[PDB]
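[1] Pasting the sequence and an experimental structure:
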Amino acid sequence: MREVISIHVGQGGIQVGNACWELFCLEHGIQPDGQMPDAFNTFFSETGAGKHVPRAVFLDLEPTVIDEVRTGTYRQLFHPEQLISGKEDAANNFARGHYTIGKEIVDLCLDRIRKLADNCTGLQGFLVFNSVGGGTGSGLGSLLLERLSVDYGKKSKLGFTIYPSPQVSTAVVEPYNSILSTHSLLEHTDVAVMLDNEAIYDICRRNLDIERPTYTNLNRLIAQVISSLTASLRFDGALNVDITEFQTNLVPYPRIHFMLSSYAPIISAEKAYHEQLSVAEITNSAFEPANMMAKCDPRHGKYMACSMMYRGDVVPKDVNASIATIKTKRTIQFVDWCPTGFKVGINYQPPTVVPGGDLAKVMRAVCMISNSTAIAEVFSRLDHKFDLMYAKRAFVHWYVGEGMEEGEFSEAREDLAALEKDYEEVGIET
Amino acid sequence: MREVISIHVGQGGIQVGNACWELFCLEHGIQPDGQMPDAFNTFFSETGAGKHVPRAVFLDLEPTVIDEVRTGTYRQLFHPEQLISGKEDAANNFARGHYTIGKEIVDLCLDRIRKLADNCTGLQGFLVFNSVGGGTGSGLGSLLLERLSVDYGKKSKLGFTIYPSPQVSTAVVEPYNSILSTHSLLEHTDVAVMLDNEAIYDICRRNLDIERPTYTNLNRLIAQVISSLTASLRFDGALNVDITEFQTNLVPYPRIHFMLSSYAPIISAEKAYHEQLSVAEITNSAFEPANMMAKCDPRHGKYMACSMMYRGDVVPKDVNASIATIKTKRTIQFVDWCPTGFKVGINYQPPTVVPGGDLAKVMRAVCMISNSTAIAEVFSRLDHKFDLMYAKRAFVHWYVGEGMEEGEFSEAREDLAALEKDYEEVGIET
Amino acid sequence: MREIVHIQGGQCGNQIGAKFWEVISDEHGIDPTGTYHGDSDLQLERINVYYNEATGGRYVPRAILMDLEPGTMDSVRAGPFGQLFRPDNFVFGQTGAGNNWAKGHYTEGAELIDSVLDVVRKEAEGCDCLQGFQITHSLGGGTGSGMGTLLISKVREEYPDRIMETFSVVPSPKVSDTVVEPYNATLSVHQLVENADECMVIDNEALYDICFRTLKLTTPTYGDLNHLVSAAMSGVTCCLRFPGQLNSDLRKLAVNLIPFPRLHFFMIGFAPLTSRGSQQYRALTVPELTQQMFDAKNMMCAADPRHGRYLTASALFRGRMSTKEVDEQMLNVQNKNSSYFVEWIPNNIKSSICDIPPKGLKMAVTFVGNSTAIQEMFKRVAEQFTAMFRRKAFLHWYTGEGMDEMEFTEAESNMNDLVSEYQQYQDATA
Amino acid sequence: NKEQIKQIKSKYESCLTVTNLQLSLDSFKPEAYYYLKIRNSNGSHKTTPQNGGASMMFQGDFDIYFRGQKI
Ligand SMILES: Nc1nc2c(ncn2[C@@H]2O[C@H](COP(=O)(O)OP(=O)(O)OP(=O)(O)O)[C@@H](O)[C@H]2O)c(=O)[nH]1
Ligand SMILES: Nc1nc2c(ncn2[C@@H]2O[C@H](COP(=O)(O)OP(=O)(O)OP(=O)(O)O)[C@@H](O)[C@H]2O)c(=O)[nH]1
Ligand SMILES: Nc1nc2c(ncn2[C@@H]2O[C@H](COP(=O)(O)OP(=O)(O)O)[C@@H](O)[C@H]2O)c(=O)[nH]1
Ligand SMILES: [Mg+2]
Ligand SMILES: [Mg+2]
């Protein structure tokens, strides 16, 4: 009687949704056709006899990815008319997907959301995935969040956004729409998790020893993180954690809800079994700055609160004996007004392996969600990138001619300045 | 619950580490694959099911030797990512491996050291092996010792350095980096053992009757000495000795910790069994000046303290009856302020034989570690060699252009002069 | 009633106890499983002296085993009669002292001793009527000679009226196994005189001499020395566990053998001792026992008893024999040797008879004599100490752990004062 | 400045500030410039070069941080 609905918008969102939906189907024993040859209820729904239907909706204005989905092996799984598709792409223009073509599509998506919500009885909250540096992704994510915040109100929404890397970039105009989308979801999303690609590339290179990774390898790690986060809702555990038990433990103030994640262990089968993978060493590896899932240095800032999930055969006393060691270290310092900052969850189900993938099978794993003061650097560098081109009003004509006003750029800049001032104000000791 | 970590840096260090690691695996019954077909815990660690992993790390900037290790029969034994390798060799230049390329590698080695140390609970100390007359060996050994002395503090470190022979030499510039490395480890290492190649060549020629020895024959004898030194930690004995029980017995003063070793018996199977190998004759052979493992004459100086280990079926009364005979002899004289100078250890496990090697199987053996005043001759001759070329500033441009200052050569000379004065000051009677 | 507890420390003390408890168990017919299988009724009447009672009818010694390293107690457990010791009484550290007195008395021994004092207090508070404590330790080691002597002071501070025994092995200059023996011997003798009610010195050199000359066995081992020491230890308290003509507890010996409170250093010896081949030739008679009892070579110390005069003497005869013969022989051994007995105290020999002989022997004698000849051992120990200290050799190891040279000077002065005032009574005349 | 001082004080056991360096040599080359290189195990400072004279005065404050040997 506990449910959650995941929203996938944009090319990156759909490509990570595919990645998480192989993993969930594999973890619950459901074949790609949707047929089994009481834990499924969190992500799926029973049709009365036979197949299961995911509680997910796919959105995009550009039809190529959806058409690829509707012809692959998973054509029989998803309901045919929840893969909403458009005709014309926003083409990396934020104003297009927020004012011009997204408005005519958003009504169908909201109707689908209502039709899925009326089925659930114990709706925990929503999940949303969107790559921020694109037109349709950021614009439609903003519009959907704004509609949901007023249609439903206090229901919790979680956002797994992928911000651009510090120096590596695929587009040339992504700072503009990244800043605008951050403006939009700052006052509209309860949790936002950092996911830039460069850090995960470094993780793959160093640990998985892959020298030529593709997007699928990144999306599989993200899917594993999602599964670790939501395992506690569908498996028995000695110390459970619910989604609604987050803003009471990780969010000191309503404005501050951007945090960065990490995962451990990450290791290949060729050298995994030569070492014992004790809980102490994995919880040490999870706190290593080089294993952050976002390219930010935690040594440059304080910690505010750490929520970290275990799964497997871990015993609570071993967890406490390792939290003490971390509190001992002099290179990790917490904020003054937080004496204890750890929330611990323990689950029994070990992580599942996907055949043909990178990760091996292990009995212990740890996933941490940590809120730290050091996150302000990404905001500062994105702001610096934005200012350089906004000084000469470059690329603005592509946005003014799509219905957006001239002054809309300035207030996003002011909100980022306010956020950066707030992060500095919080981190000073009393 | 007693552990020790061995560090191997440089070509000579790795080639003697290979020699000691066949011997340990053979002595504890572990196959080259790492699988057995409670004494192992000193050198190894249990992985939970099956194989054992050595508590050793291999370092080198030049990849050939490590690549040879990773393809031999012992490819499955060592953990794949503790064989740290560089790309560019230091090329016998000390300044390179201390200032230019060693700094970028030393961080990974220190991370590996931490990851190995957190596993141990009763860490006795560190062992380090390095041939002194090379760039990467001496430079990285100096840098690692300097980092460890501050990261851990009072933990004991033992250095099995191989100084150049009096006249036989392979390089032409090895006095410079030998003097600099002696400067570095004078104030940073608790024990240093002399190991020059010429004395061991003479030992092989006279006793083993080999007229064409190679480096492997030398390294096997060194490995046997190491095994004899560390046997007392992993086998039952009537009179045990620990590593921490050395600076209280062999080191009269903090500056004086260079001592020279000897081993007995050394004999081949073709003529070993014709003689009884009594304890008296082996302990007489161990004190013979021609059987010193370093080319120094003990008849030219006083003794300060002698620590000598037995293993096999030796009885303490026979040991005492032989110490008395040595005290009787007029050709061996101890220093005035030391009435008794012998520390005796007895162990039950006989030395193990390596198949296809030189040494035969015997029931009694003796290994002595003796600190004597005569060691100053090697310092004096190395100093004389250094001065000849430093008078004209030859080969200095190869060091000044690698970041080292001009005055760094002089202070090593001053420290050697201080050490030589100290050795003369200690040896005079009251 | 009037029972005592056993406390041992260090490797030497643990090895002594490992044979002392075997001898006691064999005397009382206790199997290595703790089950009584004796023949005589008297074997169980006074078993509360050394053994406690637990459920299931088995017996457990009230011994406390302490060391700064776990190896020796992990080895004694696997030996015969090793299962009798209660696992709770095993207390050990993870570091060791390395034969350094300062480490085993100031830095490491101070923190650990609380746990062992807890179990010591548990054992003493519970027992019916306390008689006292007996201590076995070696003065040639660091952890033993430090922690044992500090524990002596701690016990004396809490039980000032009980009696305290110490069986102390002092390092002889003939058979020397440690170079730093004089320092921790001299430091320990300083504290031992202030707190121990009785002290009994034992030397390895005298044990080897006895084994080689009287028993005439070819290859002595530590097992034979331990067996002799164990027989001597058991002989002292025999009449406290068995009926006899003249019972004499430890306090009665304390009254009669210590003239002045600072003169309580005895040397002991056991009779009869015969070779295997001559055990049929000899006939056991009181004259034969008493002639071997006062023999100079039979003393457990290298000190020559005809180099001084006895202040007093004691003998503990075992077996059933006539008292008239014992008294007349004691008178005869004192009339024929009037030159070696001090003249201002007449009738200075104490005798006692116990009707229960050792298992396998019909008569036995334990000799405890307070003589002025013991000065020679302290003289040579102080001679070596002052030969080594004048150059401040090995002093930095001790001074690096909070100790200073002033405590060395005070210890030397007090030891020399003891030496002088012990011989003061040798030249005293009436 | 307070955070930099705190990081310095966390890494080092002491500081020596050297000022007013006066060089006197038995012979100067009148045409040569001289500088002082002040070094320990943790780093080195350099003075500005000055022309050779019977006494040279190097101005500057040289903070030398220690972690062990005070040479
Ligand atoms: N982690 C990850 N990021 C992706 C992936 N695909 C695209 N991105 C990121 O998405 C950003 C651009 O947005 P996209 O998702 O590609 O395109 P969009 O969101 O659909 O917006 P449009 O361009 O209007 O179609 C790029 O900067 C990429 O970094 C992916 O498969 N994995
Ligand atoms: N005993 C012994 N000494 C060796 C061995 N190999 C090299 N050496 C000594 O090492 C000295 C030179 O240093 P190397 O170890 O060969 O080279 P390195 O330490 O790696 O330094 P680089 O030249 O920079 O690579 C020579 O003078 C040799 O005497 C060996 O196998 N056994
Ligand atoms: N009788 C006897 N003496 C021993 C034995 N083992 C060691 N010793 C003596 O103890 C001395 C060393 O003491 P040590 O082991 O260092 O004591 P620790 O420092 O407390 O461990 C040596 O001189 C030996 O003569 C043994 O099994 N029996
Ligand atoms: Mg697209
Ligand atoms: Mg090399």
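    Received it, and whenever you're ready, just let me know what you need. Numbers count the residues shown, from 1 in each chain, chains lettered A, B, ... in the order given. Ligands and ions are numbered 1, 2, ... in the order given.

[2] And for residue 54, the neighbour number?
    All of this refers to chain A. A count of nearby residues for residue A:54, using other Cβ atoms under 10 Å in any protein chain shown, gives 24. C-beta coordinates here come from the backbone N, C-alpha and C atoms, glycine included.

[3] The intended chain is chain D.
    For residue D:54, the tally of surrounding residues (other Cβ under 10 Å) stands at 7.

[4] try residue A:422
    Residue A:422 - counted by other Cβ under 10 Å - has 14 other residues nearby.

[5] So it belongs to a helix, correct?
    Yes: judged by DSSP: H, G, I helix; E, B strand; the rest coil, residue A:422 forms part of a helix.

[6] residues in contact with it?
    By Cβ atoms under 8 Å, 6 or more residues apart in numbering or on different chains, the residues touching residue A:422 are A:253, A:255, A:256.

[7] Now list the buried members of those.
    Among the contacts of residue A:422, those classed as buried by 16 or more other Cβ atoms under 10 Å in any protein chain shown are residue A:256.

[8] Make JSON lines out of the contacts of residue A:422 and add secondary structure and distance to residue C:195.
    What follows is the contacts of residue A:422, written out as JSON lines (DSSP: H, G, I helix; E, B strand; the rest coil; distance: Cβ to Cβ, whole Å):
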{"residue": "A:253", "secondary structure": "coil", "distance to residue C:195": "65"}
{"residue": "A:255", "secondary structure": "coil", "distance to residue C:195": "70"}
{"residue": "A:256", "secondary structure": "coil", "distance to residue C:195": "65"}
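
[9] okay, which residue is most central for chain C?
    In chain C, the residue lying closest to the centroid (Cα atoms, centre = their mean) is residue C:167, at 2.3 Å.

[10] so how many other residues sit close to the residue of the stretch 251-400 of chain C found nearest ligand 3?
    Nearest residue of the stretch 251-400 of chain C to ligand 3, counting by Cβ to the nearest ligand atom: residue C:300, 10.9 Å away. By other Cβ under 10 Å, the residues close to residue C:300 number 24.

[11] Now do the phi/psi pair for residue C:321.
    Main-chain torsions, residue C:321, degrees, to the nearest 10: phi -150, psi 160.

[12] Who are the contact partners of the residue lying closest to it once chain neighbours are set aside?
    Spatially, and ignoring its direct neighbours in sequence, residue C:321 is nearest to residue C:286 (6.1 Å; Cβ to Cβ, 6 or more residues apart in numbering or on different chains). Contacts for residue C:286 were tallied using Cβ under 8 Å, 6+ apart; they are C:317, C:321, C:325, C:326, C:329, C:363.

[13] measure residue C:286 to residue C:324 for me?
    10 Å (Cβ to Cβ, to the nearest Å).

[14] Look up the closest residue to whatever residue of the stretch 201-350 of chain C ends up closest to ligand 4, ignoring the ones flanking it.
    Across the stretch 201-350 of chain C, the shortest distance to ligand 4 (Cβ to the ion) belongs to residue C:222, at 83.8 Å. Spatially, and ignoring its direct neighbours in sequence, residue C:222 is nearest to residue B:238 (5.1 Å; Cβ to Cβ, 6+ apart).

[15] cool, and residue D:21?
    Leaving aside its chain neighbours, residue D:21 sits nearest to residue D:58 (4.1 Å; criterion: Cβ to Cβ, 6+ apart).

[16] Just give the number of residues close to that neighbour.
    Other residues within reach of residue D:58, judged by other Cβ under 10 Å, total 20.

[17] So it sits against residue D:33, correct?
    No: because the distance of 11.8 Å does not satisfy Cβ atoms under 8 Å, residue D:58 is recorded as not touching residue D:33.

[18] list residues touching both of those two?
    Joint contacts of residue D:58 and residue D:33 (Cβ under 8 Å, 6+ apart) are residue D:50.

[19] Neighbours of residue C:344, how many?
    Using other Cβ under 10 Å, residue C:344 has 9 neighbouring residues.

[20] no no, residue A:112
    Close neighbours of residue A:112, defined as other Cβ under 10 Å, add up to 19.

[21] Does it touch residue A:58 like I think?
    No: if you go by Cβ under 8 Å, residue A:112 and residue A:58 don't touch, sitting 10.1 Å apart.
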